[PDB]
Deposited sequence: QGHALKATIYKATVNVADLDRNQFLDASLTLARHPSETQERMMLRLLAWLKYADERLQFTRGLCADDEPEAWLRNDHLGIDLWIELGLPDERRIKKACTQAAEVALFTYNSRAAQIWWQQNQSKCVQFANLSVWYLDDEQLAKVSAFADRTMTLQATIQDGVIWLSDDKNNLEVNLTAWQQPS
């Protein structure tokens, strides 16, 4: 049947979330379409690491970047990227117990946040994280066709590591429930 034209990336990841006491090994598969920049892909991956779960899956139209479904087939977590509009955010928030949004394009995001902050506050179950240009570029450097990563999370800070390098990642919390 149908298939996506895309580049396949594999990541063996170890996550130690010391805030949550969440310890997990997973092997992730990311499909990157020519329309997706390296950064946005790595932001996806970062997103996954922050909400690491055995059940948390990527997916692709109008679906989230990733979702975690429960035993009754409903959406526990909806992960979204970019700078969505009123109708898009409403779609996610009313369809999912929790929504986590990752905003990223500095110039674009500030204008979007100035024009939306007051409207996003309307959704009781919405989290908004921002990651600035520099950090996004640094996260993106970790990109490899085959990746082996370990992520330690403590006090909101994400310590991201491979064989060669070590990076402190600090997501900014624009909104929290």
| item | value |
| --- | --- |
| Missing segments of the deposited chain sequence, listed N- to C-terminal | 1, 62-65, 183 |
